[PDB]
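Here the structure comes first, spelled out in structure tokens, and everything after it is commentary.
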Amino acid sequence: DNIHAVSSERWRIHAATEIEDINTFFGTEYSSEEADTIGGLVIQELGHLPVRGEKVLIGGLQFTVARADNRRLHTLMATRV
Amino acid sequence: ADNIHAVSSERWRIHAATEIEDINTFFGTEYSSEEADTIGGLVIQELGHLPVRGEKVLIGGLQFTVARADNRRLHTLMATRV
Amino acid sequence: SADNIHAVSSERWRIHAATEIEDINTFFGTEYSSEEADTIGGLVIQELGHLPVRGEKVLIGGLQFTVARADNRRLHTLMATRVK
Amino acid sequence: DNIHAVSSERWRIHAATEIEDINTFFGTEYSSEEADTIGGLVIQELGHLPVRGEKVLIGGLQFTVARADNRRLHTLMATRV
Ligand SMILES: [Zn+2]
Ligand SMILES: [Zn+2]
Ligand SMILES: [Zn+2]
Ligand SMILES: [Zn+2]
Ligand SMILES: [Zn+2]
Ligand SMILES: [Zn+2]
Ligand SMILES: [Zn+2]
Ligand SMILES: [Zn+2]
Ligand SMILES: [Zn+2]
Ligand SMILES: [Zn+2]
Ligand SMILES: [Zn+2]
Ligand SMILES: [Zn+2]
Ligand SMILES: [Zn+2]
């Protein structure tokens, strides 16, 4: 699973998860104009490839970077605001 | 290999064999039973019989709906918050 | 049991191959990571180079994984112990 | 499973677990001369019915009380000393 529930209000999410799938899962309306994937959306929002422990708020969800390297973002943790 | 599957952010598909303590960790609930060790066991206790698909049990601020069950086993519950 | 990582005794575990690598890491305190694998079965296949048969073993970090159930399609179950 | 691994070195144990079963799983040599369940043995070693958080070292395992009430001990967490 690309979106894994760690607990009822916390999700471990592969960066490659399609934005469409995030939107269906969460009831969000994130745009896919500038990205295909949630990792891509996070990078677009921050303007820069983030580091482990960095958090970004997008709509009503907070994404925390769980695993990233100098090349790629691989995993995010999400919770509600 | 996941026992509690989130189908959407507010809805979960749960294996009936999932241990009650693991349900409690996941949801913050405090379920207990001296007759059952699994969430399926608890649902059977509450309903007083082996249920069929569509039967519902409300406990501890969660609603469990029987998603799959036959004449021998209760397999799967769907949970939502009340 | 319903455990994806099932202790058969205090120091030996039967593990569903489909267990996510992150859930292995939480359980064991390992820091496994793959660019190309998301599950422990995937990681075993990566480290061995091929789909293994029952009885094949691989050491990854401080854990030894032996194949317990596999077929011509899939690796299903592993038995793990801590390296000595 | 009356003895469930939460993590590789921490186990959730039903208080009603027979002492013999503890011995099989851990290689302990606890005896059943008085209590014959692990919850009974914890109470016997402490000398009273414990509350959540109480710990007793028995041989090479530490048992911490995880769920108890004013009448019964239900769940223990074990770790190695
Ligand atoms: Zn998962
Ligand atoms: Zn929409
Ligand atoms: Zn990478
Ligand atoms: Zn399932
Ligand atoms: Zn239990
Ligand atoms: Zn019925
Ligand atoms: Zn069946
Ligand atoms: Zn077993
Ligand atoms: Zn994953
Ligand atoms: Zn081979
Ligand atoms: Zn278990
Ligand atoms: Zn005391
Ligand atoms: Zn009890």
Side-chain angles (χ1 to χ4, degrees), chain A residues 2 12-17 37-40 42-43 48-52 54 65-76, chain B residues 3 13-24 29-45 49-55 66-78, chain C residues 2 21-22 25 31-38 42-43 46, chain D residues 1-4 11-18 21-22 35-43 49-52 54 63-78:
Chain A
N2 286 328
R12 177 173 73 227
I13 300 168
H14 292 166
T17 309
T37 69
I38 192 55
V42 166
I43 291 166
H48 79 75
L49 175 81
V51 307
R52 183 158 70 84
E54 192 171 342
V65 178
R67 179 178 155 220
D69 60 49
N70 298 323
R71 201 168 304 166
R72 242 133 65 99
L73 179 44
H74 278 273
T75 78
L76 298 165
Chain B
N3 284 142
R13 182 156 53 76
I14 299 172
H15 281 275
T18 303
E19 299 159 50
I20 293 174
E21 307 94 325
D22 293 319
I23 295 288
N24 291 341
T29 48
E30 303 295 348
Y31 304 132
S32 75
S33 174
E34 294 298 331
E35 296 276 335
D37 43 337
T38 70
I39 188 63
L42 187 51
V43 165
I44 291 164
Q45 175 177 0
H49 67 286
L50 178 61
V52 299
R53 166 167 243 282
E55 297 192 55
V66 176
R68 190 161 63 93
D70 43 59
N71 285 346
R72 296 188 58 198
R73 297 213 324 212
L74 161 63
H75 284 278
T76 311
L77 300 166
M78 299 294 323
Chain C
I21 293 175
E22 302 91 338
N25 285 340
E31 289 173 25
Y32 300 141
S33 156
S34 175
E35 292 285 326
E36 77 197 2
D38 193 41
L43 193 69
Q46 167 197 304
Chain D
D1 50 330
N2 282 328
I3 304 172
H4 170 95
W11 304 276
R12 168 172 76 229
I13 303 175
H14 293 160
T17 304
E18 294 180 354
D21 289 352
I22 296 295
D36 61 358
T37 71
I38 188 55
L41 183 64
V42 170
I43 295 164
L49 179 75
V51 301
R52 187 173 156 69
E54 290 205 46
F63 295 92
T64 304
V65 177
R67 176 159 81 88
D69 56 52
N70 73 319
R71 292 285 176 271
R72 292 159 78 75
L73 177 50
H74 296 280
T75 311
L76 295 166
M77 291 279 180

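So you know, we letter chains A, B, ... as the sequences are listed, proteins then strands, and number each from 1. Atoms within each ligand, like the ligands themselves, are counted from 1 in listed order. Values below: all heavy atoms of this structure, side chains included; hydrogens, waters and symmetry mates excluded.
Of the residues D/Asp21, D/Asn2, D/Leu76, the one that meets the side-chain contact (heavy atoms from CB on, under 4.5 Å) test with D/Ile38 is D/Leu76.
Electrostatic pairing of D/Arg12 and B/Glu19 counts as a salt bridge here, judged by a charged N lying under 4.0 Å from a carboxylate O. The pair D/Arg67-B/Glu30 fails the salt-bridge criterion, with no side-chain N (NZ, NE, NH1 or NH2) lying under 4.0 Å from an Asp/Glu carboxylate O.
Below the 2.8 Å limit, the Zn ion (ligand 7) has as protein N, O or S neighbours B/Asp70 OD2, B/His75 NE2.
Between D/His4 atom NE2 and D/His14 atom NE2 the span is 9.0 Å, to the nearest 0.5 Å.
A distance-only check finds a donor-acceptor pair linking the side chain of D/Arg52 to the backbone of D/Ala66 [under 3.5 Å].
More than 12 heavy atoms of other residues, nucleotides or ligands sit less than 6.0 Å from atom CG of D/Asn70.
For the Zn ion (ligand 13), the nearest N, O or S atom contributed by B/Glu34 is named OE2.
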